[PDB]
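Here's work_39.cif, which has mmCIF, C-alpha atoms:
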```
data_input
loop_
_atom_site.group_PDB
_atom_site.id
_atom_site.type_symbol
_atom_site.label_atom_id
_atom_site.label_comp_id
_atom_site.auth_asym_id
_atom_site.auth_seq_id
_atom_site.Cartn_x
_atom_site.Cartn_y
_atom_site.Cartn_z
ATOM 1 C CA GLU P 862 95.374 113.945 82.833
ATOM 2 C CA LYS P 863 96.001 115.850 86.063
ATOM 3 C CA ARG P 864 93.616 118.525 84.794
ATOM 4 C CA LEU P 865 90.933 115.873 84.289
ATOM 5 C CA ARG P 866 91.112 114.849 87.946
ATOM 6 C CA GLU P 867 90.953 118.555 88.769
ATOM 7 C CA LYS P 868 87.597 118.688 86.980
ATOM 8 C CA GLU P 869 86.293 115.664 88.893
ATOM 9 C CA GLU P 870 87.033 117.357 92.219
ATOM 10 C CA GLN P 871 84.769 120.255 91.252
ATOM 11 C CA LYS P 872 82.111 117.771 90.144
ATOM 12 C CA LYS P 873 82.235 116.130 93.571
ATOM 13 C CA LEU P 874 82.458 119.580 95.148
ATOM 14 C CA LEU P 875 79.284 120.434 93.244
ATOM 15 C CA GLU P 876 77.767 117.042 94.042
ATOM 16 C CA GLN P 877 78.087 117.838 97.756
ATOM 17 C CA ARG P 878 77.227 121.540 97.653
ATOM 18 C CA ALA P 879 74.142 120.712 95.590
ATOM 19 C CA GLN P 880 72.762 118.408 98.284
ATOM 20 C CA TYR P 881 73.852 120.552 101.240
ATOM 21 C CA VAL P 882 71.251 123.141 100.232
ATOM 22 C CA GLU P 883 68.600 120.425 100.020
ATOM 23 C CA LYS P 884 69.797 119.019 103.341
ATOM 24 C CA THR P 885 70.031 122.507 104.848
ATOM 25 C CA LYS P 886 66.253 122.826 104.745
ATOM 26 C CA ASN P 887 66.132 119.358 106.311
ATOM 27 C CA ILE P 888 68.290 120.392 109.268
ATOM 28 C CA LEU P 889 66.107 123.494 109.396
ATOM 29 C CA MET P 890 63.018 121.284 109.060
ATOM 30 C CA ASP M 2 84.803 131.869 128.433
ATOM 31 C CA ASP M 3 83.730 132.911 124.937
ATOM 32 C CA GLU M 4 86.867 132.864 122.798
ATOM 33 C CA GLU M 5 87.766 129.577 124.492
ATOM 34 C CA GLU M 6 84.337 128.098 123.803
ATOM 35 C CA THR M 7 84.504 129.238 120.184
ATOM 36 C CA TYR M 8 87.900 127.584 119.798
ATOM 37 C CA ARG M 9 86.521 124.411 121.368
ATOM 38 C CA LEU M 10 83.548 124.321 119.009
ATOM 39 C CA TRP M 11 85.814 124.895 116.026
ATOM 40 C CA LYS M 12 88.079 122.026 117.087
ATOM 41 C CA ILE M 13 85.134 119.686 117.617
ATOM 42 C CA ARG M 14 83.751 120.551 114.197
ATOM 43 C CA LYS M 15 87.103 119.959 112.518
ATOM 44 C CA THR M 16 87.548 116.589 114.207
ATOM 45 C CA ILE M 17 84.002 115.590 113.282
ATOM 46 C CA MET M 18 84.616 116.536 109.654
ATOM 47 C CA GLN M 19 87.777 114.433 109.650
ATOM 48 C CA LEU M 20 85.889 111.531 111.233
ATOM 49 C CA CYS M 21 83.093 111.761 108.671
ATOM 50 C CA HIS M 22 85.602 111.845 105.825
ATOM 51 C CA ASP M 23 87.436 108.836 107.265
ATOM 52 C CA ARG M 24 84.192 106.874 107.559
ATOM 53 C CA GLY M 25 83.586 107.450 103.843
ATOM 54 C CA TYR M 26 81.048 110.275 103.923
ATOM 55 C CA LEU M 27 81.162 113.173 101.487
ATOM 56 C CA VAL M 28 82.917 116.275 102.806
ATOM 57 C CA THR M 29 84.433 119.115 100.812
ATOM 58 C CA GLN M 30 88.065 120.104 101.199
ATOM 59 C CA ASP M 31 87.022 123.543 102.447
ATOM 60 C CA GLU M 32 85.154 122.109 105.439
ATOM 61 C CA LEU M 33 88.192 120.055 106.424
ATOM 62 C CA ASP M 34 90.572 123.025 106.211
ATOM 63 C CA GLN M 35 88.174 125.601 107.669
ATOM 64 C CA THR M 36 90.142 128.126 109.706
ATOM 65 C CA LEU M 37 89.067 129.527 113.052
ATOM 66 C CA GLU M 38 88.311 132.876 111.408
ATOM 67 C CA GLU M 39 86.077 131.167 108.856
ATOM 68 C CA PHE M 40 84.319 129.457 111.762
ATOM 69 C CA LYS M 41 83.695 132.786 113.482
ATOM 70 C CA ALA M 42 82.401 134.072 110.146
ATOM 71 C CA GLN M 43 80.020 131.284 109.129
ATOM 72 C CA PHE M 44 78.825 130.742 112.692
ATOM 73 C CA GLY M 45 78.605 133.183 115.542
ATOM 74 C CA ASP M 46 81.313 134.285 117.911
ATOM 75 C CA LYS M 47 79.394 134.565 121.215
ATOM 76 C CA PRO M 48 78.213 131.119 122.320
ATOM 77 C CA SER M 49 77.381 132.708 125.669
ATOM 78 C CA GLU M 50 75.060 135.093 123.818
ATOM 79 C CA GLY M 51 73.627 132.177 121.830
ATOM 80 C CA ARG M 52 75.542 132.946 118.626
ATOM 81 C CA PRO M 53 76.308 130.194 117.677
ATOM 82 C CA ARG M 54 73.936 127.883 119.510
ATOM 83 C CA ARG M 55 74.996 124.259 119.693
ATOM 84 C CA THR M 56 71.817 123.546 117.736
ATOM 85 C CA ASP M 57 73.288 125.674 114.939
ATOM 86 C CA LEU M 58 76.260 123.322 114.507
ATOM 87 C CA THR M 59 74.367 120.185 113.473
ATOM 88 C CA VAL M 60 75.756 118.594 110.314
ATOM 89 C CA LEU M 61 74.340 116.045 107.896
ATOM 90 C CA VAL M 62 76.503 114.110 105.446
ATOM 91 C CA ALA M 63 75.805 111.393 102.900
ATOM 92 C CA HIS M 64 77.944 108.388 102.067
ATOM 93 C CA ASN M 65 79.965 108.274 98.869
ATOM 94 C CA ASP M 66 78.509 104.908 97.863
ATOM 95 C CA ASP M 67 74.791 105.665 98.235
ATOM 96 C CA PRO M 68 73.214 109.049 99.071
ATOM 97 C CA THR M 69 70.544 107.135 100.994
ATOM 98 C CA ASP M 70 73.069 106.410 103.769
ATOM 99 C CA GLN M 71 73.190 109.551 105.900
ATOM 100 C CA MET M 72 74.432 110.551 109.329
ATOM 101 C CA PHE M 73 73.575 113.300 111.802
ATOM 102 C CA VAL M 74 75.968 114.908 114.240
ATOM 103 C CA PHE M 75 74.102 116.521 117.130
ATOM 104 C CA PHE M 76 75.459 118.876 119.790
ATOM 105 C CA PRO M 77 73.003 118.868 122.705
ATOM 106 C CA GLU M 78 73.032 122.118 124.664
ATOM 107 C CA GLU M 79 72.406 120.379 127.976
ATOM 108 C CA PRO M 80 75.687 119.195 129.542
ATOM 109 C CA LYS M 81 74.060 115.929 130.671
ATOM 110 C CA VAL M 82 71.918 114.094 128.121
ATOM 111 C CA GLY M 83 68.912 112.072 129.250
ATOM 112 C CA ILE M 84 66.325 109.875 127.597
ATOM 113 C CA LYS M 85 64.066 112.756 126.576
ATOM 114 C CA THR M 86 66.556 114.399 124.222
ATOM 115 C CA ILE M 87 67.485 110.997 122.812
ATOM 116 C CA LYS M 88 63.809 110.463 122.005
ATOM 117 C CA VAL M 89 63.690 113.881 120.345
ATOM 118 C CA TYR M 90 66.655 113.041 118.123
ATOM 119 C CA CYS M 91 65.245 109.604 117.315
ATOM 120 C CA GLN M 92 61.948 111.225 116.359
ATOM 121 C CA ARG M 93 63.542 113.624 113.905
ATOM 122 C CA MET M 94 65.766 110.866 112.507
ATOM 123 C CA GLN M 95 62.656 108.764 111.905
ATOM 124 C CA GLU M 96 60.893 111.729 110.311
ATOM 125 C CA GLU M 97 63.766 112.417 107.906
ATOM 126 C CA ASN M 98 64.573 108.697 107.437
ATOM 127 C CA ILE M 99 68.148 109.059 108.732
ATOM 128 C CA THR M 100 69.438 105.878 110.361
ATOM 129 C CA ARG M 101 72.786 107.046 111.794
ATOM 130 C CA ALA M 102 73.680 109.862 114.152
ATOM 131 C CA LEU M 103 76.575 111.037 116.301
ATOM 132 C CA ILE M 104 75.805 112.751 119.612
ATOM 133 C CA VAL M 105 78.482 115.018 121.077
ATOM 134 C CA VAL M 106 77.865 115.537 124.780
ATOM 135 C CA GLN M 107 79.641 117.891 127.173
ATOM 136 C CA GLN M 108 79.581 116.198 130.582
ATOM 137 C CA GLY M 109 78.199 112.810 129.644
ATOM 138 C CA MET M 110 75.022 110.823 129.219
ATOM 139 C CA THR M 111 72.724 109.254 131.782
ATOM 140 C CA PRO M 112 72.948 105.458 132.152
ATOM 141 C CA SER M 113 69.380 105.067 130.933
ATOM 142 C CA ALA M 114 70.188 107.167 127.867
ATOM 143 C CA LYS M 115 73.032 104.773 127.050
ATOM 144 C CA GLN M 116 70.680 101.839 127.544
ATOM 145 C CA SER M 117 68.256 103.491 125.128
ATOM 146 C CA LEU M 118 71.038 103.999 122.581
ATOM 147 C CA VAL M 119 71.818 100.294 122.703
ATOM 148 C CA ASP M 120 68.153 99.244 122.802
ATOM 149 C CA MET M 121 67.132 100.695 119.433
ATOM 150 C CA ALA M 122 70.421 99.544 117.905
ATOM 151 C CA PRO M 123 69.392 97.503 114.848
ATOM 152 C CA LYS M 124 66.902 100.107 113.624
ATOM 153 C CA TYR M 125 68.846 103.297 114.397
ATOM 154 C CA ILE M 126 72.601 103.329 114.989
ATOM 155 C CA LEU M 127 73.404 106.427 117.029
ATOM 156 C CA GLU M 128 76.690 106.810 118.878
ATOM 157 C CA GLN M 129 77.902 108.948 121.754
ATOM 158 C CA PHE M 130 81.034 111.077 122.048
ATOM 159 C CA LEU M 131 82.385 113.281 124.788
ATOM 160 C CA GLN M 132 83.598 116.549 123.323
ATOM 161 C CA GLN M 133 86.844 116.126 125.250
ATOM 162 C CA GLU M 134 87.434 113.019 123.137
ATOM 163 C CA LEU M 135 86.845 115.065 119.979
ATOM 164 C CA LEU M 136 89.096 117.989 120.871
ATOM 165 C CA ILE M 137 91.878 116.064 119.086
ATOM 166 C CA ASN M 138 91.990 113.463 116.335
ATOM 167 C CA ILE M 139 93.590 110.382 117.871
ATOM 168 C CA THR M 140 94.180 108.792 114.476
ATOM 169 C CA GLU M 141 96.802 111.491 113.867
ATOM 170 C CA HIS M 142 98.906 110.583 116.907
ATOM 171 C CA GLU M 143 102.224 108.993 116.022
ATOM 172 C CA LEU M 144 101.425 105.947 118.172
ATOM 173 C CA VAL M 145 98.241 105.118 116.213
ATOM 174 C CA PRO M 146 98.913 103.070 113.051
ATOM 175 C CA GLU M 147 96.655 103.233 110.010
ATOM 176 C CA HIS M 148 93.373 101.372 110.578
ATOM 177 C CA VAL M 149 91.292 100.266 107.591
ATOM 178 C CA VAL M 150 87.856 98.663 107.763
ATOM 179 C CA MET M 151 87.617 95.519 105.656
ATOM 180 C CA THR M 152 84.600 94.540 103.606
ATOM 181 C CA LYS M 153 82.902 91.187 104.079
ATOM 182 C CA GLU M 154 84.421 89.933 100.834
ATOM 183 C CA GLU M 155 87.887 90.944 102.013
ATOM 184 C CA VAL M 156 87.355 89.149 105.323
ATOM 185 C CA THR M 157 86.243 86.017 103.479
ATOM 186 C CA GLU M 158 89.342 86.177 101.290
ATOM 187 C CA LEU M 159 91.572 86.611 104.352
ATOM 188 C CA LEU M 160 90.092 83.691 106.267
ATOM 189 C CA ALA M 161 90.326 81.527 103.158
ATOM 190 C CA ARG M 162 93.945 82.446 102.440
ATOM 191 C CA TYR M 163 95.146 81.758 105.976
ATOM 192 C CA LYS M 164 92.556 79.029 106.672
ATOM 193 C CA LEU M 165 91.488 80.641 109.936
ATOM 194 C CA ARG M 166 88.287 80.804 111.874
ATOM 195 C CA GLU M 167 87.273 84.273 112.990
ATOM 196 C CA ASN M 168 88.048 83.508 116.636
ATOM 197 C CA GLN M 169 91.711 82.877 115.762
ATOM 198 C CA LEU M 170 92.428 86.459 114.682
ATOM 199 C CA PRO M 171 93.668 89.010 117.206
ATOM 200 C CA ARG M 172 90.914 91.126 118.724
ATOM 201 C CA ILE M 173 89.929 94.756 119.148
ATOM 202 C CA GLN M 174 87.189 95.889 121.507
ATOM 203 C CA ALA M 175 84.179 97.740 120.146
ATOM 204 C CA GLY M 176 84.823 100.344 122.848
ATOM 205 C CA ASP M 177 88.369 100.925 121.605
ATOM 206 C CA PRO M 178 88.994 104.629 120.857
ATOM 207 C CA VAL M 179 89.899 103.906 117.224
ATOM 208 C CA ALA M 180 87.025 101.448 116.831
ATOM 209 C CA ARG M 181 84.602 104.080 118.110
ATOM 210 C CA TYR M 182 86.217 106.624 115.809
ATOM 211 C CA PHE M 183 85.507 104.411 112.797
ATOM 212 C CA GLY M 184 82.111 103.295 114.107
ATOM 213 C CA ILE M 185 82.768 99.580 113.608
ATOM 214 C CA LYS M 186 80.641 96.968 115.350
ATOM 215 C CA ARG M 187 81.079 93.417 116.576
ATOM 216 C CA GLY M 188 82.053 90.961 113.860
ATOM 217 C CA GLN M 189 83.873 93.410 111.611
ATOM 218 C CA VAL M 190 87.594 93.122 110.885
ATOM 219 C CA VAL M 191 89.967 96.086 110.865
ATOM 220 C CA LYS M 192 93.185 95.907 108.868
ATOM 221 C CA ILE M 193 96.151 97.603 110.550
ATOM 222 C CA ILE M 194 99.178 98.754 108.547
ATOM 223 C CA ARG M 195 102.272 99.758 110.471
ATOM 224 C CA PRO M 196 105.964 100.214 109.716
ATOM 225 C CA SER M 197 108.352 97.632 111.084
ATOM 226 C CA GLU M 198 112.042 97.991 111.822
ATOM 227 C CA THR M 199 112.673 94.379 110.734
ATOM 228 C CA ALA M 200 110.458 93.926 107.664
ATOM 229 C CA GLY M 201 109.720 97.552 106.790
ATOM 230 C CA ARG M 202 105.952 97.040 106.725
ATOM 231 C CA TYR M 203 103.592 94.645 108.466
ATOM 232 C CA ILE M 204 99.842 94.134 108.118
ATOM 233 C CA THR M 205 97.867 92.694 111.006
ATOM 234 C CA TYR M 206 94.132 92.119 111.372
ATOM 235 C CA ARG M 207 91.882 92.535 114.399
ATOM 236 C CA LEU M 208 88.342 91.236 114.774
ATOM 237 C CA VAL M 209 85.922 93.521 116.598
ATOM 238 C CA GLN M 210 84.657 91.827 119.753
#
```
Could you write out this file's structure as structure tokens?
Amino acid sequence: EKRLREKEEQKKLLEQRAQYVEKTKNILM
Amino acid sequence: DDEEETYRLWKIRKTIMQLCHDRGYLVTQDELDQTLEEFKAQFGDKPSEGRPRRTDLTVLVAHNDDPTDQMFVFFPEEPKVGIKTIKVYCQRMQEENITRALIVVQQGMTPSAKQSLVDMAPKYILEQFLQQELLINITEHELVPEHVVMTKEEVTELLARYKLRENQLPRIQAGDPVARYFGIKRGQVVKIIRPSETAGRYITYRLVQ
């Protein structure tokens, strides 16, 4: 079960990193 | 004048990341625990030489509940901020559809700039911070108990349980350091949880006024 929550952290880590790149052009733009 | 400024910028960024996380926005554990060396790596090391520029430090985060709720944190280069730069930031917020923004000033903000900030309130909510205020996180001081923002449903439940009108709760000012830290406005209720030497724990509520 603790491993499962470990996976979710990466998912949220991905969920934020994924949109930082999209945002990054926005801060650039 | 350069190592000191780099340390200052790193501290401000760390406090702003903590603030954004506390307000519910999405921030990764690496940004929170970013070391000074990692700051010198990602960003410059010679603010005097323009690396990093304060314009390089802008951050944009999205809320955990809806990605449509987003917030800017701006670091104006000019120690005193006037209406013109506020209009610039409002323009880009309008262009990108971002409704919230934090502005970190160095010396302060002109009275008319503050009036502008309050004038466009309902449309765009943008708040002001001195960087001196952000050099530490006041919510981590031992004297500051845990503050939690209540939802409207929670406030309704509270007033129903104790059969109170809003004006009977204790108060907190909107200009309170912790209230500004959490970005709460008039009419919201903050739940405060503190240890007590008699009961062990004690929850009090303050209405923002």
**Report entry** Hits of the PyMOL selection byres ((chain M) within 9 of (chain P)) in this structure, as a PyMOL selection string
**Finding:** chain M and resi 27-30+59-63+97
C-alpha atoms of the current selection, written as a PDB file, in the coordinates of the input:
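Result written to part.pdb:
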```
ATOM      1  CA  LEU M  27      81.162 113.173 101.487  1.00  0.00           C
ATOM      2  CA  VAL M  28      82.917 116.275 102.806  1.00  0.00           C
ATOM      3  CA  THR M  29      84.433 119.115 100.812  1.00  0.00           C
ATOM      4  CA  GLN M  30      88.065 120.104 101.199  1.00  0.00           C
ATOM      5  CA  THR M  59      74.367 120.185 113.473  1.00  0.00           C
ATOM      6  CA  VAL M  60      75.756 118.594 110.314  1.00  0.00           C
ATOM      7  CA  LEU M  61      74.340 116.045 107.896  1.00  0.00           C
ATOM      8  CA  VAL M  62      76.503 114.110 105.446  1.00  0.00           C
ATOM      9  CA  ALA M  63      75.805 111.393 102.900  1.00  0.00           C
ATOM     10  CA  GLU M  97      63.766 112.417 107.906  1.00  0.00           C
TER      11      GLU M  97
END
```
Report task. Would you please work out which residue, of M:137, M:174, M:192, M:119, is nearest to residue 155 in chain M when using all atoms listed in the file? Result -> M:192
Requested in this report: Could you expand the PyMOL selection byres ((chain M and resi 81) around 8) into the explicit residues it covers here, written as JSON, numbers by chain?
Outcome: {"M": [79, 80, 82, 83, 106, 107, 108, 109, 110, 111]}
Query - Sel. within 10 Å of pt (89.2, 84.7, 114.6), counting all atoms listed in the file, output as an MDAnalysis selection string - result: chainID M and resid 160 165:172 188 190 206:210
**Report entry** Atom pair CA of residue 145 in chain M / CA of residue 118 in chain M: separation (Å)
**Finding:**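 CA of residue 118 in chain M lies at a distance of 28.0 Å from CA of residue 145 in chain M.
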Report task. For CA of residue 175 in chain M and CA of residue 55 in chain M, determine how far apart the two atoms are, in Å to one decimal place. Result ->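 Answer for the CA of residue 175 in chain M to CA of residue 55 in chain M separation: 28.1 Å.
Reported to one decimal place, the separation of CA of residue 181 in chain M from CA of residue 146 in chain M is 15.2 Å.
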**Report entry** Polymer residues at most 7 Å from range 124-128 of chain M, all atoms listed in the file, same-chain spacing of 2 or more positions, as a ChimeraX atom specification
**Finding:** /M:100-104,118,121-122,130
